[PDB]
Structures are given as C-alpha cells and as structure tokens.
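What follows is one structure encoded as structure tokens, with my remarks underneath.
Numbering (UniProt numbering), first residue to last: 2993 to 3115, 3155 to 3258.
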C-alpha cells in the first residue's frame, strides 16, 4: 500500500478529468469500481487475517480513502454543471457498492475490531481504519437516502447493537459525535435514536448488576433472589 500510494494518487489525478455525463467515462468508472470491489474480497472467510496489520489491509484502507475522496466532491458549490457529474458518480458508486454486499463485510470487520477493543480495555492506524470503515456505510446510506430509486439497505437489530456498544466506549472523542449523528440519521428522528440508546444502556447496566450479584452469590433463580 505505501509504495503504491503514488500510484493511486496518479489514478486520482487521472480521474479528476473524468466527466460523469459521458457514457464511456461512466462505464469505465463503473468497471473500475467493480474491480476494486472484487479486490476487497468480502467473500473471504479468513477474517482472522483482517485483524492483524498487513499489506492487504493497508491497500484496502487506501482504497476507501480514494473512494471517500471520490464521493467527497459532490458539492454543487461553484460547479460548472459538475454537480450533475458528481451526483451521477455518487449514485453509481452507491449502487455498485451496496449491490455487492460490502456492508455485511463492514459488519464483520466491525465485530472483529469489537473483540480487539474488548480485549484491550480489560487488560493512529486503528483510529483511521475504524473511521473509514464507519464512514463508508455512512456515506453509502446518505447517498441511497438522497436517491430514493436505489433500494434501501436492510439493517437488522444486530447492527444497532454493535453500534451502540461502540458508543459505550469513552475512548472516542469526536468520532463518537459522528457515530451519534449517523445513528440519528439512520433512525431519522432523535426520539428513536435516543430510545434505542437508552434501552441498550439500561439492558447492559441491568445484566452487569445481574452478573455482579451472581459472582458475589445473589442468584436470580426464576426471578427470585437467593442469597
């Protein structure tokens, strides 16, 4: 990744001249996105190698940095019809990414780093990796929200569960704010986001009390306390 950083920088300079309105440019960009997605290797069951620092992980980190640069210039501000090209590129990128199920891979990598955080607390490459793997689903969902014609990604309850668990970590000074804003955007209303967060916090504190009394000897048997 480090030695190929100049390479994808050159790719970025080459793509800065691409116009999303032309069919040839859009097709070439879509092919490049599909090739990068296939390079991501979400089908790999070898998640254990994703936790350790490796060349493949750094290459993937550079890949999402390049993709974030691509979708970070979608501001209609001072754009000579560029706004339209940026919107088309954003929509095509979101469709290609979501249709490939990289979101499930995001869930797997998040739950893998959750084990790392659990192990480290009880006994800045990581920060950048976590920020990118949280920003990519955030940006994808934002783009799909801006374009209702793209089918919405399906988020079951587990995603909220680990996102809340990550929120319980007090080692996140600002990205915690970003995750909170992400969740209130996902719910769409502050009421539901706060309701889920409070419910998880209460459930976690309650099981904490339960197990703390279990270990001491106050046992909850059939909802009856036995000392």
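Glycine residues also receive a C-beta, built at the ideal position from the N, C-alpha and C atoms.
When 3245, 3077 and 3052 are compared, the shortest CA-CA separation from residue 3064 is found for 3077.
In the assembly as shown, residue 3252 is an exposed residue. Its beta-carbon has fewer than 16 other beta-carbons within 10 Å.
Nearest to residue 3054 by alpha-carbon distance, out of 3162, 3042, 3006 and 3000, is 3000.
For residue 3205, the secondary structure class from DSSP, reduced to helix, strand or coil, is coil. Ranking 3098, 3180 and 3202 by CA distance to the CA of residue 3186 puts 3098 first. Between residue 3162 and residue 3246, the alpha-carbon positions lie close to 37 Å from each other. Just measuring C-alpha positions, the residue of 3005, 3095 and 3008 sitting nearest residue 3029 is 3095. Boundaries of the beta strand (DSSP E) around residue 3250: 3250 to 3252. As DSSP reads the structure, residue 3257 sits in a beta bridge with 3250. Here DSSP, grouped into helix, strand and coil, assigns residue 3157 to helix. Within the model, the alpha-carbon separation for residue 3248 versus residue 3172 is close to 47 Å. Between the segment 3177 to 3185 and the segment 3084 to 3092, the count of Cβ pairs shorter than 8 Å is three or higher; the stretches touch.
In the DSSP assignment, residue 2994 falls outside any alpha helix (DSSP H), carrying neither H nor E.
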